[PDB]
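What follows is a set of notes on a single structure, which appears directly below.
Atom set for the values below is all heavy atoms of this structure, side chains included, hydrogens, waters and symmetry mates excluded. In what follows, every chain begins at residue 1, and chains take the letters A, B, ... in the order their sequences are listed.
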There are 2 protein chains.
Amino acid sequence: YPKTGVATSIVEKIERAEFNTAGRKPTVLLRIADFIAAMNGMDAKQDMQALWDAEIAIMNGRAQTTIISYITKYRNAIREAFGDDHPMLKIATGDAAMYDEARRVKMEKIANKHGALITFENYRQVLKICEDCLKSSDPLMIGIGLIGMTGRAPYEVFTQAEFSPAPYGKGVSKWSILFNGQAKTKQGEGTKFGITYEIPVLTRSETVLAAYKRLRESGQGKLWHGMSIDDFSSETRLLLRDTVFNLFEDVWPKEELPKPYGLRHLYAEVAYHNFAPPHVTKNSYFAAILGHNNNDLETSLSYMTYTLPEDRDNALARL
Amino acid sequence: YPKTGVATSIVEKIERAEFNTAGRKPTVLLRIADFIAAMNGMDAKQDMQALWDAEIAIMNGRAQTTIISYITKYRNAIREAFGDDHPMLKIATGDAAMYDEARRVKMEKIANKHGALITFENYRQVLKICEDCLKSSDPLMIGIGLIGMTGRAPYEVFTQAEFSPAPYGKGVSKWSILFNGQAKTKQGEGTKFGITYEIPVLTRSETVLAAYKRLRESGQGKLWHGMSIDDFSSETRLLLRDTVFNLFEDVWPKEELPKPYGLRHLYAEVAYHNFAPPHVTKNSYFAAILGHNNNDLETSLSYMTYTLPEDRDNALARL
DNA sequence: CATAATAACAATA
DNA sequence: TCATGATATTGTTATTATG
DNA sequence: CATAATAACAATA
DNA sequence: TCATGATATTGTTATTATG
Ligand SMILES: [Cl-]
Ligand SMILES: [Cl-]
Ligand code: NA
Ligand code: NA
């Protein structure tokens, strides 16, 4: 328990923002910096409570998810400046009802999607487009194609993925590769953090591996590699978004706009349709190929979004 | 907040047990009765804590699930004698780690089953046997057949089920009926408590309805109707168990012994295989036909236990 | 000289 | 299963009384 | 006289 | 997503500087 410290990343972001040619003012980051600064020398939890109450009063008007995210930012700043043992971490948090309601809403959305799956009629054209993106010389395109083919998250694909040949007996597997660099694990001991596991691919493994080699050895590929989530977001998010919008504009199901992470969802589906052994559930297979926490099947629920046109067809054959 | 009261059901069970021709002594019920008796006049929470600590010390040696169940019994007794506002309800409970570990174990079991589904090779013979049980004159048999065909829980089937014709446009549906009397709802406002909803049946609806009419109008049927869970358990559980063991001894998959609730599991599976529309997930369909809480998909995980031989076959066709 | 009856004991949803 | 701090079911076995 | 750049704002897993 | 009290990602839009 120290009473002194500074949140380096926020301050650096501000000082970096002092040379902005355009864009918003970093007001939130400013408030966080001022918060941490005012925290220095504080010992009375009453004062801490008052401060955090001021901050809470400021965030009034924002959306629930937004407020939650901001709270996450504040807490990470506190951890960065003062450590995990600071008492403010017992004060600077959301009220229980907030997280309860967030959970309720999320589960409601998932439950709604499960009762109204979207028919991905042109999924073959999408997969085709990704496979075409594999051969492009534009690193972004190759990345998108890799999101489509390996089903790895954008951050994983662009910043930290490790793809390698998967041994099939005494040879190399054609329809699967080894992957390392799972994201969002939070370094849980039951997670795939630092674990190399085998995943299926929706095209020949040679093409995937080669394409990833072309991506890594690229200039933008060497710029991307090792990036923090903020760096990657600020650098690529909107461009990737626009490019994805434009690529699949006319083939994506009209119930929704084509977003990058959708390619992950679809992947799972297609993968399950083609490679899943008969002794496993859809939840279990999703959980396996997506690299989820040990013994978890609940996260998989979030990925059941589409239904394949053939499944739709023969589910109408049986009737 | 009163300090006086008696748990009527326990005492009545004891006084009823005073005329036992055979069987164990009601020691647990005795301890609960003595507990409630000693609670009378208690005002100091320290004393309450000491008492419940004595009880906890007694239960040492039992299994975790057992201790949990016993705690449930104690709490229900406290609620019966003193009401929901008694402070002992804040003391007479399990420590958080116990329920955490229970959850962990349960989820681990489910996750294990999801990665090793059992091939129900002879499920057609089982369904056939149930359909045969529908025409029997033995009410128990009819009940079993109804567990197999309607997929309703034993307690529901024998004690409180309300089956009725399901309207299909301007007529009666052949492959579905209306059901009322959902169990285990705990009267949640998002549950099917007191709700009549439509369920699929694995044989013609006429046969089901007729068979249930023959069951209800029976003597044992009129004895069963309206029974508490304890009454039904003590009256029927072991007989139903033995009969179920004997009926499906040679056709049930050899990975497990044939238990009544299995017929529910299987039901779901078969139902999903035959009736599920293409726009819904297996989780959602299970949740729908099993009558689960609103927006819940997690309970359905517990019912994915078997895999049908045809699915096994064509999952090996695709390979 | 042995079996059925009962509730403890236990696991599942 | 409903809620996420537990309860309500379903499943198994030791112990007891009894010509 | 208008567009791109940036971080706020927001939702998903 | 990992844990079940939240965090780490991915997705959207208002605001700002700038010949
Ligand atoms: Cl293909
Ligand atoms: Cl059939
Ligand atoms: Na919301
Ligand atoms: Na256990």
Side-chain angles (χ1 to χ4, degrees), chain A residues 13 17 20-29 62-72 75-76 93-94 96 99-100 102-103 105-106 109-110 153-156 183-188 190-191 229 232-234 237-238 240-241 257 259-261 290 292-293 296 298-303, chain B residues 13 17 20-29 62-72 75-76 93-94 96 99-100 102-103 105-106 109-110 153-156 183-188 190-191 229 232-234 237-238 240-241 257 259-261 290 292-293 296 298-303:
Chain A
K13 244 190 278 286
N20 278 8
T21 291
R24 283 170 159 264
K25 305 302 180 184
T27 52
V28 173
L29 275 52
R62 298 313 103 204
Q64 291 297 301
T65 65
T66 299
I67 295 179
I68 294 178
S69 304
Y70 285 0
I71 289 182
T72 296
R75 296 178 60 79
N76 281 340
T93 183
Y99 298 115
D100 275 12
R103 172 197 286 149
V105 167
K106 146 226 215 178
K109 291 170 175 167
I110 298 176
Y155 181 64
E156 297 172 336
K184 296 184 57 182
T185 60
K186 292 193 281 288
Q187 305 191 23
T191 62
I229 183 57
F232 170 75
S233 294
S234 59
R237 195 69 67 186
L238 287 81
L240 172 55
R241 175 173 176 258
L257 259 66
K259 310 179 222 63
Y261 208 71
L290 296 178
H292 293 158
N293 185 32
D296 182 275
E298 190 181 4
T299 304
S300 65
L301 271 40
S302 292
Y303 291 86
Chain B
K13 244 190 278 286
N20 278 8
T21 291
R24 283 170 159 264
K25 305 302 180 184
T27 52
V28 173
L29 275 52
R62 298 313 103 204
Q64 291 297 301
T65 65
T66 299
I67 295 179
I68 294 178
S69 304
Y70 285 0
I71 289 182
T72 296
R75 296 178 60 79
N76 281 340
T93 183
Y99 298 115
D100 275 12
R103 172 197 286 149
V105 167
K106 146 226 215 178
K109 291 170 175 167
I110 298 176
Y155 181 64
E156 297 172 336
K184 296 184 57 182
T185 60
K186 292 193 281 288
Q187 305 191 23
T191 62
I229 183 57
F232 170 75
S233 294
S234 59
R237 195 69 67 186
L238 287 81
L240 172 55
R241 175 173 176 258
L257 259 66
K259 310 179 222 63
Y261 208 71
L290 296 178
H292 293 158
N293 185 32
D296 182 275
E298 190 181 4
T299 304
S300 65
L301 271 40
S302 292
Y303 291 86

State whether the distance check finds a donor on one side and an acceptor on the other, under 3.5 Å, for side chain [X] versus base [N].
X	N	answer
B:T72	D:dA8	no
A:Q64	E:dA11	no
A:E298	E:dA13	no
A:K186	F:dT1	yes
A:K106	E:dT12	no

Assign [X] to base, sugar-phosphate, or nothing according to its heavy-atom contacts below 4.0 angstrom with the strands shown.
X	answer
B:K259	sugar-phosphate
A:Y70	base
A:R75	sugar-phosphate
A:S69	base
B:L29	sugar-phosphate
B:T93	sugar-phosphate
A:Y261	sugar-phosphate
B:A102	nothing
A:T191	sugar-phosphate
B:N76	sugar-phosphate
B:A153	sugar-phosphate

Could you tell me whether the side chain of [X] and the main chain of [Y] form a donor-acceptor pair under 3.5 Å?
X	Y	answer
A:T191	A:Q187	no
B:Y99	B:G94	yes
A:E298	B:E298	no

Quiz prompt | Given DNA chain F, 5'-ward residue of the pair A:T185 and A:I229, judged by closest heavy atom | solution =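 Result of the comparison: A:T185.
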Practice problem: Name the residue closer to the 5' end of DNA chain F, choosing between A:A22 and A:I68 according to the nucleotide with the nearest heavy atom. | Solution: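 With A:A22 and A:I68 compared, the 5'-side residue is A:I68.
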Using whole Å, report how far [atom1] of [X] lies from [atom2] of [N].
X	N	atom1	atom2	answer
B:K25	C:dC9	NZ	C1'	18 Å
B:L290	D:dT1	CG	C1'	11 Å
A:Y99	F:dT7	OH	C1'	9 Å
B:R24	D:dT15	CZ	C1'	5 Å
A:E156	F:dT10	CD	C1'	12 Å

Rounded to the nearest 0.5 Å, how far does [atom2] of [Y] lie from [atom1] of [X]?
X	Y	atom1	atom2	answer
B:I68	B:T93	CD1	OG1	9.5 Å
B:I110	B:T299	CD1	OG1	8.5 Å
B:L29	B:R24	CG	CZ	12.5 Å
B:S234	B:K13	OG	NZ	8.0 Å
A:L301	B:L301	CG	CG	6.5 Å

Using Watson-Crick (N1 to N3, and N6-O4 or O6-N4) or G-U wobble (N1-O2, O6-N3) distances under 3.5 Å, do [N] and [M] pair?
N	M	result
F:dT12	C:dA8	no
C:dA13	F:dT7	no
F:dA8	E:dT12	yes
E:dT6	F:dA14	yes
F:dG19	E:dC1	yes
C:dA7	F:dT13	no
D:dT16	C:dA4	yes
E:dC9	F:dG11	yes
F:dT10	E:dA10	yes
F:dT9	C:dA11	no

Quiz prompt | Distance-minimising heavy-atom pair for B:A183 and B:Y155 | solution =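 Closest pair (atom of B:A183, atom of B:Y155, distance): CB-CD2, 4.2 Å.
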Exercise. Can you see which heavy atom on B:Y261 is nearest to which on B:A153, and at what distance?
Key: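 Closest heavy-atom pair between B:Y261 and B:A153: CE1-CB, 4.2 Å.
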Is [N] a north or a south sugar when classified by the sign of torsion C1'-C2'-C3'-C4'?
N	answer
F:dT15	south
D:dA8	south
F:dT9	north

[X] side chain N/O closer than 4.0 Å to the phosphate oxygens (OP1, OP2) of [N]?
X	N	value
B:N20	C:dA5	no
A:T65	E:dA11	yes
A:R241	F:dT12	yes
A:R62	E:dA8	no
A:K184	E:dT12	no

Quiz item: When you compare F:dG5 with D:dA6, how far apart are their P atoms, in angstrom units rounded to a whole number?
Solution: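 Here F:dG5 and D:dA6 have their P atoms 12 Å from each other.
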Practice problem: Sticking with atom P, work out how far F:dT4 lies from F:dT10, rounded to a whole angstrom. | Solution: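 That atom pair is separated by 23 Å.
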Quiz item: With nearest nucleotides of DNA chain E determined for A:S234 and A:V105 from heavy-atom distances, which residue corresponds to the more 5′ nucleotide?
Solution: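 With A:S234 and A:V105 compared, the 5'-side residue is A:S234.
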Quiz item: Between A:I67 and A:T21, which has a closest nucleotide on DNA chain E that is more 5'?
Solution: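 Mapping each residue to its closest nucleotide by heavy atoms, the 5'-most match is A:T21.
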Quiz item: For A:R237, which groove has at least one base atom closer than 5.0 angstrom to its side chain?
Solution: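 For A:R237, the answer is major.
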Exercise. Ignoring the backbone of B:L238, work out which of E:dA11, D:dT13, D:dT10 is nearest its side chain.
Key: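 Taking heavy atoms from C-beta onward, the closest nucleotide is D:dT13.
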Self-check item: Nucleotide nearest B:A183 when distance is taken to its side chain, options D:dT4, D:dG11, D:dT9
Solution: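 The answer is D:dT9, which lies nearest to the side chain.
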